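Novice: My sequence and its experimental structure, below.
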There are 2 protein chains.
Amino acid sequence: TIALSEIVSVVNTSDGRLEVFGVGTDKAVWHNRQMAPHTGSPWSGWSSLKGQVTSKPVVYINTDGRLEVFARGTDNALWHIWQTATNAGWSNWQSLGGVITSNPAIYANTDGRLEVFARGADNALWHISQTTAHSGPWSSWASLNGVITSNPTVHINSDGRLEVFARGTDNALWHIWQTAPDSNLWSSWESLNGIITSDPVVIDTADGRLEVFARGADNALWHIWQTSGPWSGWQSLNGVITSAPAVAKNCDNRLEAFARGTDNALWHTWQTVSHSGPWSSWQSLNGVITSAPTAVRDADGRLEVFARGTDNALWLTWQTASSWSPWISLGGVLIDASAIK
Amino acid sequence: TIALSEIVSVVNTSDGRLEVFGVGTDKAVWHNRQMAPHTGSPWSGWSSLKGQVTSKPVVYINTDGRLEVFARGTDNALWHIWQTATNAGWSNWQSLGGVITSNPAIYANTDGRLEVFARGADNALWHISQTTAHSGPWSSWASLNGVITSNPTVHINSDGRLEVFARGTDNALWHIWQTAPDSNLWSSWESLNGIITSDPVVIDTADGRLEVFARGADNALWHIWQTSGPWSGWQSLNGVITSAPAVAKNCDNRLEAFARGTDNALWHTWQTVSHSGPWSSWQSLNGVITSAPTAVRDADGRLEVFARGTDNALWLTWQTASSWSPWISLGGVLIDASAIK
Ligand SMILES: C[C@@H]1O[C@H](O)[C@H](O)[C@H](O)[C@H]1O
Ligand SMILES: C[C@@H]1O[C@H](O)[C@H](O)[C@H](O)[C@H]1O
Ligand SMILES: C[C@@H]1O[C@H](O)[C@H](O)[C@H](O)[C@H]1O
Ligand SMILES: C[C@@H]1O[C@H](O)[C@H](O)[C@H](O)[C@H]1O
Ligand SMILES: [Cl-]
Ligand SMILES: [Cl-]
Ligand SMILES: [Cl-]
Ligand SMILES: [Cl-]
Ligand SMILES: [Cl-]
Ligand SMILES: [Cl-]
Ligand code: NA
Ligand code: NA
Ligand code: NA
Ligand code: NA
Ligand code: NA
Ligand code: NA
Ligand code: NA
Ligand code: NA
């Protein structure tokens, strides 16, 4: 098992608007969109992209600005749906086949080819890629092996090499990386040790280093980062958290971590002064939440945070000059469809 | 002729540091680098990448994070030099041949292929591209036709289509665009009218629109922007400017324009409140400058501005909480090698 998951996938669109993707009681993917590229923008309200999903639905933006949403189907295949033109209409759901046992994890290669990662029936990591930039057809599936006990997460190195992180059977953080950008050449799995009780979250720093966040054995927030040299040790950011963490960059590149606390309110800790700076003490953004928070930077360079409420609606709070906005409701009824819990 | 040009090309590196590229009295390309990814970082001082250039040297970052610098040689061919690995050593200067009569203009296609644009001996626009992502070999040269009287500038649409802007023989702003991302299919040249007395500067807004800035017949700063619909009219931002303009985005996405005034000090006007906001009155950042300013956002989300001084050194001022830093000198002796003046 893992700390309570994020309930939505969120993206900044090609035209600077937040769009969120979640799952209803009907197992359909639902979609909510800012009208305008600004903090406090009116929202579309929830509309259905349909389908029937047995994972968290994960949106990624193609290098041509077209959104594409990936989800496990009821047949355990990888399914996807995409915009046919930038911020226009959607395709039908189409199958990329395979059998997967995790939420999908997506990144664009430096050549614009999307590559999707998911656990398989053998509990190994499997991957499939676009054969050409922002387009089908897709490659055959293949395995990157290993044995994983969490949803996988992928990011890109500052040199364009994809890198995947996942919990192993010993509950350590393990990783594997491309040896060259755009490559089918990968490293062996390597252990970053520690003991993690959440899905790992990965982000690139202002200075092009991967930094990984996860809940530890002691239910504190831990992190570890790249220094072609080795990783740091695991370091505690303290706190006591009851969900997966979420991490986003402020527009000045200061990292900021969010998680549900023991009082089921939203808590956050941030780098102070600069992206090189020391982390703040944990502070409360209130609310009562029934999901991990989901954090994203909007087109005004402000953080916005989404979480499911006691009513199972999605609620939203954002940064102001002085503080954070009171929680507002975007309505809907959201379920946690995470293929791993 | 055109308003006085920018004297350096600047890039934010894969690890968040500013690096500047200019030309010495010897016609070699010289290089200055921040040590650390922060405002007010110590600088390397000027070191030579050698070569012999008859244009402004233009740096672009490959999708694998490798810097690549393009310049006209003494033989009027396009030449380039690149990092062999991300923020490591440089290749030798190599020729991409052709005969060009402008500074080169560079963008990455959505598939990671760099595409270079330059005026030819026939005064038409010519282009050459990497055949695969972030790598040689390069295509054959070909022409996109037209007749141009300024350095060309290229940007990417929010849908991944490259678009090139240049002054025509009637002194209007003209443009041409890819009809599909990564394509060799281009539109006809079209006129955006107006009368411009500087190279055009192009930037993408927070909401994914191209916005073009240029000095007008009245030596005011003018701009025009995308609304698949038509462009705005030309609108004046007033001022009286004696150089090319420079434009950069604040970390909250507010556009900010810089130019030399009649008193040969640096002047700037900025969007207020938000990226949707009205433009400020022009205000002075002092100094006495012998080049257009060059503006870039650093890894702390602050604007830094470079300009040649009366001593022909490069000087530097940046945003603070309240105001801007006093001008400091980064030394060197820089010449304006712009292939068009
Ligand atoms: C710098 C290098 O980057 C790799 O992608 C991986 O993270 C290795 O652990 C690290 O040593
Ligand atoms: C503006 C400032 O941003 C910080 O990163 C943190 O989120 C604080 O709560 C907020 O007041
Ligand atoms: C939306 C469309 O975009 C094109 O790239 C070009 O700028 C056209 O003028 C404009 O009408
Ligand atoms: C911080 C603020 O930023 C504005 O965009 C403008 O550059 C002002 O001069 C500066 O004081
Ligand atoms: Cl409204
Ligand atoms: Cl292995
Ligand atoms: Cl818990
Ligand atoms: Cl120092
Ligand atoms: Cl034409
Ligand atoms: Cl003048
Ligand atoms: Na890659
Ligand atoms: Na990721
Ligand atoms: Na990296
Ligand atoms: Na509600
Ligand atoms: Na393109
Ligand atoms: Na450009
Ligand atoms: Na655009
Ligand atoms: Na000096």
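Specialist: Nice, I can see it. Residues are numbered from 1 along each chain as shown, chains lettered A, B, ... in the order given. Ligands and ions are numbered 1, 2, ... in the order given.

Novice: going forward, measure contacts between C-alpha atoms and count neighbours the same way
Specialist: OK.

Novice: Can you name the residues that contact residue A:132?
Specialist: A:112-113 (CA atoms under 8 Å, 6 or more residues apart in numbering or on different chains).

Novice: Which strand residues bridge residue A:94?
Specialist: Beta-bridge partners for residue A:94, by DSSP bridges, are residue A:80.

Novice: tell me, how many neighbours does it end up with?
Specialist: 13 (other CA atoms under 10 Å in any protein chain shown).

Novice: Please report how far it lies from residue A:8.
Specialist: 21 Å (CA to CA, to the nearest Å).

Novice: Can you verify my assumption that residue A:309 contacts residue A:316?
Specialist: No - if you go by CA atoms under 8 Å, residue A:309 and residue A:316 don't touch, sitting 9.7 Å apart.

Novice: how about the residue in the stretch 1-150 of chain A positioned nearest to ligand 9, what does it touch?
Specialist: Taking CA to the ion as the measure, the stretch 1-150 of chain A has residue A:64 as its residue closest to ligand 9, at 24.6 Å. Contacts of residue A:64 were listed using CA under 8 Å, 6+ apart, and they are A:86, A:134, B:110, B:158-161, B:181.

Novice: For residue A:195, which non-adjacent residue is closest in space?
Specialist: Nearest non-adjacent residue to residue A:195, counting by CA to CA, 6 or more residues apart in numbering or on different chains: residue A:172, 4.8 Å away.

Novice: And residue A:48, by the same measure?
Specialist: In space, residue A:48 is closest to residue A:30, 4.5 Å off (CA to CA, 6+ apart).

Novice: Each with direction, which strands does whichever strand or helix holds the one you found pair with?
Specialist: Secondary structure from DSSP states H and E places residue A:30 in strand A:29-33. Strand partners for strand A:29-33, identified by DSSP bridges, are recorded as strand A:18-23 (antiparallel), strand A:47-50 (antiparallel).

Novice: Tell me which of the ones you listed is the most buried.
Specialist: strand A:18-23 (a mean of 25; mean count of other CA atoms under 10 Å in any protein chain shown).

Novice: Dump that one to CSV, restricted to CA.
Specialist: What follows is strand A:18-23, C-alpha atoms only, in CSV (Å, rounded to 0.1, in the frame of the first residue of the first chain):
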residue,chain,number,x,y,z
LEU,A,18,-5.1,25.1,-16.1
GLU,A,19,-7.1,22.0,-17.1
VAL,A,20,-7.8,19.2,-14.6
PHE,A,21,-8.7,15.5,-15.3
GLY,A,22,-10.3,13.1,-12.7
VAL,A,23,-12.7,10.1,-12.6
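
Novice: And it, how far out from the chain middle?
Specialist: 12 Å (CA atoms, centre = their mean, to the nearest Å).

Novice: which residues sit against it?
Specialist: Outside strand A:18-23, the residues that reach it (CA under 8 Å, 6+ apart) are A:7-13, A:29-34, A:37, A:53, A:56-59, A:298, A:334-337.

Novice: which ones among these are found in strands?
Specialist: Mapping the contacts of strand A:18-23 onto strands (DSSP state E) picks out A:9-12, A:29-33, A:58-59.

Novice: which of those residues sit farthest apart?
Specialist: Greatest spacing in the ones in strands among the contacts of strand A:18-23, by CA to CA: A:12 and A:29 (18.0 Å).

Novice: And the two? Which one has more around it.
Specialist: residue A:29 (25 against 20).

Novice: count of residues packed around the closest residue to residue A:104 other than its chain neighbours?
Specialist: Leaving aside its sequence neighbours, residue A:104 sits nearest to residue A:118 (CA to CA, 6+ apart; 4.9 Å). Residue A:118 has 26 neighbours, counted by other CA under 10 Å.

Novice: again, but for residue A:86
Specialist: Applying other CA under 10 Å, I find that residue A:86 has 20 neighbouring residues.

Novice: what does residue A:321 give?
Specialist: Residue A:321, neighbours per other CA under 10 Å, totals 6.

Novice: Let me see the backbone angles for it.
Specialist: phi -50, psi -50 (degrees, to the nearest 10).

Novice: OK, contacts around it?
Specialist: No contacts exist for residue A:321 under CA under 8 Å, 6+ apart.

Novice: I'd say residue A:126 and residue A:148 touch.
Specialist: No - taking CA under 8 Å as the definition, residue A:126 is not a contact partner of residue A:148, at 10.9 Å.

Novice: Need the overlap of contacts for the two.
Specialist: Shared contacts of residue A:126 and residue A:148, counting by CA under 8 Å, 6+ apart, come down to residue A:119.

Novice: Compare neighbour counts for the two and give me the winner.
Specialist: residue A:148 (25 against 22).

Novice: and the contacts of residue A:64 as CSV, adding secondary structure and distance to ligand 18?
Specialist: Below are the contacts of residue A:64 laid out as CSV (DSSP: H, G, I helix; E, B strand; the rest coil; distance: CA to the ion, whole Å):
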residue, secondary structure, distance to ligand 18
A:86, coil, 49
A:134, coil, 48
B:110, coil, 41
B:158, coil, 41
B:159, coil, 44
B:160, coil, 42
B:161, coil, 42
B:181, coil, 45
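
Novice: which of the residues you listed are close to ligand 15?
Specialist: Among those, the residues that sit close to ligand 15 (CA under 5 Å from the ion) are B:110, B:160-161, B:181.

Novice: most neighbours, which of the residues you listed?
Specialist: residue B:110 (26 neighbours).

Novice: give me every residue that touches that residue.
Specialist: Per CA under 8 Å, 6+ apart, neighbours of residue B:110: A:63-64, A:111-112, A:133, B:160, B:181-182.

Novice: what would those residues look like in a markdown table with secondary structure?
Specialist: Output for those, formatted as a markdown table (DSSP: H, G, I helix; E, B strand; the rest coil):
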| residue | secondary structure |
| --- | --- |
| A:63 | coil |
| A:64 | coil |
| A:111 | coil |
| A:112 | coil |
| A:133 | coil |
| B:160 | coil |
| B:181 | coil |
| B:182 | coil |
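
Novice: Okay, strands next: where are they in the stretch 201-341 of chain A?
Specialist: Assigned by DSSP state E, counting those that start in this stretch, the stretch 201-341 of chain A shows strands spanning A:201-204, A:210-215, A:221-225, A:235-236, A:246-249, A:255-260, A:266-270, A:283-284, A:294-297, A:303-308, A:314-318, A:328-329.

Novice: what do you get for the stretch 51-200 of chain A?
Specialist: Counting by DSSP E, counting those that start in this stretch, the strands of the stretch 51-200 of chain A are A:58-61, A:67-72, A:78-82, A:94-97, A:105-108, A:114-119, A:125-132, A:135-138, A:142-145, A:153-156, A:162-167, A:173-177, A:190-191.

Novice: burial of the closest residue to ligand 2 within the stretch 51-200 of chain A, as a residue count?
Specialist: Nearest to ligand 2, among the residues of the stretch 51-200 of chain A, is residue A:200, at 21.5 Å (CA to the nearest ligand atom). Counted with other CA under 10 Å, the neighbours of residue A:200 add up to 26.

Novice: which one is residue A:83 nearest to, not counting chain neighbours?
Specialist: In space, residue A:83 is closest to residue A:90, 4.3 Å off (CA to CA, 6+ apart).

Novice: what's the answer for residue A:136, then?
Specialist: residue A:130 (5.4 Å).

Novice: Which residues are in contact with the one you found?
Specialist: So residue A:130 contacts A:113-115, A:136-139 (CA under 8 Å, 6+ apart).

Novice: which of those residues are buried?
Specialist: A:113-115 (16 or more other CA atoms under 10 Å in any protein chain shown).

Novice: Pick the one among these closest to residue B:212.
Specialist: Nearest to residue B:212 among the buried ones among the contacts of residue A:130, with distances taken as CA to CA, is residue A:113, at 30.5 Å.

Novice: Could you dump the strands of the stretch 51-200 of chain A into JSON lines with distance to ligand 1 added?
Specialist: Shown next, in JSON lines, are these (distance: least, CA to the nearest ligand atom, whole Å):
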{"stretch": "strand A:58-61", "distance to ligand 1": "22"}
{"stretch": "strand A:67-72", "distance to ligand 1": "25"}
{"stretch": "strand A:78-82", "distance to ligand 1": "26"}
{"stretch": "strand A:94-97", "distance to ligand 1": "28"}
{"stretch": "strand A:105-108", "distance to ligand 1": "15"}
{"stretch": "strand A:114-119", "distance to ligand 1": "16"}
{"stretch": "strand A:125-132", "distance to ligand 1": "17"}
{"stretch": "strand A:135-138", "distance to ligand 1": "25"}
{"stretch": "strand A:142-145", "distance to ligand 1": "15"}
{"stretch": "strand A:153-156", "distance to ligand 1": "9"}
{"stretch": "strand A:162-167", "distance to ligand 1": "6"}
{"stretch": "strand A:173-177", "distance to ligand 1": "5"}
{"stretch": "strand A:190-191", "distance to ligand 1": "8"}
